[PDB]
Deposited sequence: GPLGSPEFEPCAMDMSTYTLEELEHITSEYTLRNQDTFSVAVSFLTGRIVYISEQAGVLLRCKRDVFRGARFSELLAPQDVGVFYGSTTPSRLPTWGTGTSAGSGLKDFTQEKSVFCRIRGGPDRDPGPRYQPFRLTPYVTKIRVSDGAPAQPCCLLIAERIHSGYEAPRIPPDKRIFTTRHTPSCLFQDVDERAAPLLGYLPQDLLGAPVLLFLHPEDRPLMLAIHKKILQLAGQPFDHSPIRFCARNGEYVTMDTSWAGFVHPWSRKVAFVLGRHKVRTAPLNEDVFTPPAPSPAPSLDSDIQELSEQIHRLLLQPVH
């Protein structure tokens, strides 16, 4: 039944709403009053609509990933998907933290905001971590990357680190990985690096790298980065897309090479 129960948290958190889906039979079963407000769209559209086609295509995968009836907790662990928006374009970042019940899959959707918008993140806490393979592919990214660069974990996980760098700084990475190979585990500071924010705009970071030697193989297993936002961008709307290109595969392949030497 329900409905009051969504009108639960939102008076303390303005940015959230709720949604129940039948899975994987029916779809949109229920939804809070304020999904309309948040998604700027009258619930005349919260029809018997496929919840999945409110998501963006990149996010559908991770969504179905997390919402397996099997691995779900009971109402009484989260992912980020972009949600339209109105039939497109027009998308919004939400944290979805899902659960299981039966109605007469329930998830809390909290909308995500820039670090560069009121409420701003203290510039001294604009920090985020990243982990990447020796082949120079993102193995992991901190949730803090989203409000600071505009990217959900899925956008980077598996993508080439180098592609998210400003080309002028892409040559810098070999030296950096050379010093990582030295020190063999020890972190070193090295400023600055520009990352491309999802809005196309560049944002300068103060960086630190360490990298982890595999205890058995003595080869480097992955590289750690701790970055601090030096300068905020103009366009604080990092979340929304805009709409020498192989320095990348080239330079990646050099680092990977360099990284294959064991260090004892």
query	finding
Coordinate gaps, deposited numbering	1 to 21, 98 to 112, 125 to 128, 145 to 154, 294 to 299
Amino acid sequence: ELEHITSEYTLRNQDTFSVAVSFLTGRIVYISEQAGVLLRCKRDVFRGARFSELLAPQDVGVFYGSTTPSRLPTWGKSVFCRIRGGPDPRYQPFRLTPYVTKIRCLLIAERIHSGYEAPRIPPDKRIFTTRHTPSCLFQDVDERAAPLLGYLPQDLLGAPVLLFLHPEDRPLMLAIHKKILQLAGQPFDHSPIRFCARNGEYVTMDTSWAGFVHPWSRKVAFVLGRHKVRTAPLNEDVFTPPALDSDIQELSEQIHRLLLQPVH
From here on, numbers count along this sequence of modelled residues.
query: Segment of higher mean CA temperature factor, 8 to 16 or 247 to 255; finding: 8 to 16
query: Per the entry, higher mean C-alpha B factor between 210 to 218 and 25 to 33; finding: 25 to 33
query: Highest-ranked of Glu143, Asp88, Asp169, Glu110 once sorted by CA temperature factor in the record; finding: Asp88
query: Given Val62, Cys196, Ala49, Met205, the residue at which the Cα B factor reaches its maximum; finding: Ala49
query: Relative C-alpha B-factor of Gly150, binned into the chain's lowest, middle or highest third; finding: lowest
query: Assigned third (lowest, middle, highest) for the C-alpha B factor of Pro160; finding: lowest
query: Chain third (lowest, middle, highest) by recorded CA B-factor, residue given as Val229; finding: lowest
query: Among modelled residues of the same chain, the CA temperature factor third for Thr101; finding: highest
query: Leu38, C-alpha B-factor rank within chain (lowest, middle or highest third); finding: middle
